Structures are given as C-alpha cells and as structure tokens.
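Here's the structure we're looking at; comments come further down.
Here the Cβ is made from the backbone with ideal geometry for all residues, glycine too, and neighbour counts use every protein chain on show. Please treat every number below as a calculation from the coordinates, not as lab data.
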C-alpha cells in the first residue's frame, strides 16, 4: 500500500507541476506583450516633442 | 503420574505464556510498521508539495 500510494501520488502532483508551469509561462508571455505595446504606445505620443527640444538643447 | 500431570500444567502454562508472547511480538510488528507507513506518508507529501512550491516560485520569477 505504501508503494502504491507513492506511485499514484507522484503521478498526480507531477501532472499538476506541468499544468502550473505552462499556466504561468504563457500568461506572462501575453502580459509582457501587452506591456511592451503599452510602453511603446505611451512612448509614441511624445517622440517628436522630446527630440525637438533636445536638438534645440544640443545646438549652440 | 500425578507429578506428570503437574508437568502437564507447567507445559500448559508455557503454552498460555507462549501464545501471549506470540501475539505480543506480532502486535509490536504490525504497530511499528503501520506508524512508519505513517510519518513516511507525511514526509512524502510535504516533500512533493515543497517541490511543487519550487515550481511555483521559480516559474513565476522566470
């Protein structure tokens, strides 16, 4: 009974292990792409308001 | 012989005590082997839960 419980117990929780590792990997993929498009989107609202003033600042 | 019958009551006393001791030693066997199934079951469970915790922490941090 000990070795039977150990075998099926390992079966169940290793399957939960792989379920976990996909269940967090692909979700952090989709959030990372959302935040990449978010930071590019907030950036591409001012990208020539900044470069105009700093090319003013560089030029003597 | 009467003293042979007294030898028989000594032998029956030994039979009584020997079946008592037989059940005593078999009882200790079944006891300790069950409680080592116990505490070993528990060690297995906490280890595999801790290993799944390692999966939790490490995959989320990655």
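Take peptide B:21-30, look around each residue's Cβ out to 10 angstrom, count Cβ atoms belonging to other protein chains, and average those counts. It would help to have the intermediate numbers written out before the result.
On the way: counts 0, 0, 0, 0, 0, 0, 0, 0, 0, 0.
Partner-chain Cβ atoms within 10 Å, mean over residues of B:21-30: 0.
Would you mind giving the mean number of other chain beta-carbons within 10 Å of the Cβ of each residue in A:19-30, as a whole number?
Working: counts 1, 5, 6, 1, 1, 6, 3, 0, 1, 3, 0, 0.
Mean partner-chain Cβ count within 10 Å for A:19-30: 2.
Extending each Cα 7 Å along its Cβ direction at residue B:46 and residue B:1, get the distance between those two points in nm, one decimal.
Here the modelled spin labels are 6.5 nm apart.
Determine the calculated [θ] at 222 nm for chain B from helices alone, applying -39500 (n - 2.57) to every DSSP H run no shorter than 4 residues and normalising by the residue count; nearest 500 deg cm²/dmol. Each step should come with its number before you reach the end.
On the way: 2 runs with 58 residues, N = 62.
It comes out at -33500 deg cm²/dmol, rounded to the nearest 500.
Report the Cα-based extents of chain A along its three principal axes, largest first, to the nearest Å.
85, 19, 7
Debye calculation, C-alpha points only, no solvent: report log10 I(q)/I(0) for the protein assembly as shown at q = 0.14, 0.16, 0.17 Å⁻¹, in the same order as the q values.
Ignoring solvent entirely, the Cα scatterers give -0.86, -0.95, -0.99.
I'd like the distance between the alpha-carbon centres of segment A:11-60 and chain B, rounded to an integer number of Å.
Using only Cα atoms to place each centre, the spacing works out to 59 Å.
Residue by residue through B:33-42, how many Cβ atoms from other chains fall within 10 Å of the Cβ on average?
1
Give me the log10 of I(q) over I(0) for chain B at q = 0.18, 0.26, 0.30 Å⁻¹, as the Debye formula computes it from C-alpha points; what are the numbers?
Debye output, listed in q order: -0.78, -0.97, -1.06.
Okay, helix-only estimate at 222 nm for chain A: each DSSP H run of n ≥ 4 adds -39500 (n - 2.57), divide by all residues, round to 500 deg cm²/dmol; what do you get? Numbers along the way, then the final one.
Details: 2 runs with 54 residues, N = 60.
-32000 deg cm²/dmol, from helical runs alone.
Taking only Cα atoms, what is the 0 to 90° angle, nearest 10, from helix A:2-43's long axis to the longest principal axis of chain A?
Computed tilt is about 10 degrees.
Pop the C-beta distance of residue A:32 and residue A:54 into the FRET formula with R0 = 30 Å and round what comes out to the nearest 0.05. Can you show the working numbers first?
Details: r = 29 Å, r/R0 = 0.98.
Step by step, r from the Cβ atoms, then E = 0.55.
Quick one: helix A:47-58 against the long Cα principal axis of chain A, what's the angle to the nearest 10°, folded into 0 to 90?
Here the helix axis deviates by roughly 50 degrees.
Using only Cα atoms, tell me the angle between helix B:2-37 and the longest principal axis of chain B; keep it within 0 to 90° and round to the nearest 10.
0 degrees
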